[PDB]
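**Q** Supplied in structure tokens, the structure appears directly below.
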Ligand SMILES: O=C(O)CNC(=O)C(=O)O
Ligand SMILES: [Mg+2]
Ligand code: NI
Ligand SMILES: [Zn+2]
């Protein structure tokens, strides 16, 4: 068995190997990359996502989200308070302000310490979940707006044609902006490209150990767990590496820098934070190996998770027994 300790693997594809996306994902899996839940892909030196980032300031962040924490430093939830619209240039200026900017630090480990010590005492503003792309249309390799769609994969594997679309999303971050512990919708893969700016630190639980994280989460967030049998689908709970280690939960960590891709694998729980002003692009995708994860994915039916249009068909076809209850939670 390849990668039996479930370490995060880092890949350096050549420009030739960068042509065929599906083939390279399958290659990484042949080397055991999925066992970690997360892999890093450093593009060949010949590649670029676009020519420059000099002309992005007029992108609108219609609903910036202020991420307000509750709990203790290592075990907290966050809620998202909607703020007034602002442009990316306005948001960049805000991120760099004295109130929001990254503090002085020695290295990534010192900043990580500061994040976990101090996160809860601040409410950073995240420009998350903005439909759009920053890849140039002429970038032919690993262009996250040009991937094979999940609807097409389901149709190719299972024979059933379904409605729905699959487009990317932009994330504008600042120091302390946080992504809570989650797996993807329908335990899909994700791919995330950090276009510019400061790093993003990731934590990940191997897919084979995901239920250990779920059991801890039920213990640590006991009201939430009574409310919903899949409350991590709400994407609000944070648990620090120190607390994970104290509770024996297997995990790994890695820092993504500008110009690097990360792939999350089916049922790989992940969480993390941004170091400072940045912009990432991410999308979900599927492969043949996903189908069995999709069929077994938990679902939130309490009403909280509310998701895209395109998840309806995935539930309907892969999980027909669950469909009626899940759709009620959508309505
Ligand atoms: O970058 C973020 O805020 C969150 N991203 C992801 O969870 C991902 O790419 O799967
Ligand atoms: Mg612009
Ligand atoms: Ni994710
Ligand atoms: Zn729920």
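Each residue's number is its place along the chain shown, starting with 1.
This deposition comes from X-ray crystallography, 1.3 Å.
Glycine too: its Cβ is placed from the backbone N, Cα and C atoms.
Just lifted these from Swiss-Prot, have a look:
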DOMAIN    8-50  domain 'JmjN'
MOD_RES   16  polyADP-ribosyl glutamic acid
MOD_RES   17  polyADP-ribosyl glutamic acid
BINDING   126, 192, 200, 235  2-oxoglutarate binding site
DOMAIN    136-302  domain 'JmjC'
BINDING   182, 184, 270  Fe cation binding site
BINDING   228, 234, 300, 302  Zn(2+) binding site
**Q** Through the lens of DSSP with three states only, how would you label residue 126 (2-oxoglutarate binding site)?
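**A** Residue 126 (2-oxoglutarate binding site) sits in a strand per DSSP.
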**Q** Between C-alpha atoms, which of these recorded positions comes nearest to residue 192 (2-oxoglutarate binding site): 16, 17, 228, 300, 302?
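**A** When the Cα distances are compared, 17 comes out closest.
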**Q** For the recorded Zn(2+) site formed by 228, 234, 300, 302, name the remaining residues of the chain with Cβ within 8 Å of the site's Cβ center, in chain order.
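**A** Output for this site, in sequence order: 227, 229, 230, 231, 233, 301, 303, 304, 305, 329.
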**Q** Tell me the Cβ contacts of residue 200 (2-oxoglutarate binding site) under 8 Å, same chain only and six or more apart in sequence, or just say none.
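**A** Within the chain, residue 200 (2-oxoglutarate binding site) has Cβ neighbours under 8 Å at 173, 192, 194, 255, 256, 272, 273, 274, 275, 278, 280.
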**Q** Check the Cα-Cα distances from residue 234 (Zn(2+) binding site) to the binding-site residues 126, 182, 270 and tell me which is shortest.
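**A** That would be 182, nearest by Cα distance.
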**Q** Which state, by DSSP, holds residue 302 (Zn(2+) binding site): helix, strand or coil?
**A** coil
**Q** Between C-alpha atoms, which of these recorded positions comes nearest to residue 228 (Zn(2+) binding site): 17, 126, 182, 235, 270?
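**A** For residue 228 (Zn(2+) binding site), the spatially nearest of the recorded positions is 235.
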**Q** What number of additional C-beta atoms lies within 10 angstroms of the C-beta atom of residue 302 (Zn(2+) binding site)?
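**A** Residue 302 (Zn(2+) binding site): 15 neighbouring Cβ atoms within 10 Å.
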**Q** When you look at 126, 192, 200, 235, which the record names as binding 2-oxoglutarate, what is the longest CA to CA distance in angstrom?
**A** 18
**Q** How big is the gap, in Å, between the Cα of residue 235 (2-oxoglutarate binding site) and that of residue 182 (Fe cation binding site), rounded to a whole number?
**A** 6
**Q** Out of 17, 126, 302, the recorded positions in the record, which is closest to residue 270 (Fe cation binding site) when you go by Cα distance?
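**A** Sorting the recorded positions by distance from residue 270 (Fe cation binding site), the top entry is 126.
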**Q** What three-state class does DSSP give residue 234 (Zn(2+) binding site)?
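**A** In the DSSP reduction, residue 234 (Zn(2+) binding site) maps to helix.
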**Q** Of 16, 17, 126, 182, 184, which recorded positions come within 10 Å of residue 302 (Zn(2+) binding site), going by C-alpha to C-alpha distance?
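**A** If one measures from the Cα of residue 302 (Zn(2+) binding site), no recorded positions come within 10 Å, so the answer is none.
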**Q** Kindly point out which of the recorded positions 16, 184, 228, 270, 300, 302 have a C-beta less than 6 Å from some atom of ligand 4.
**A** 228, 300, 302
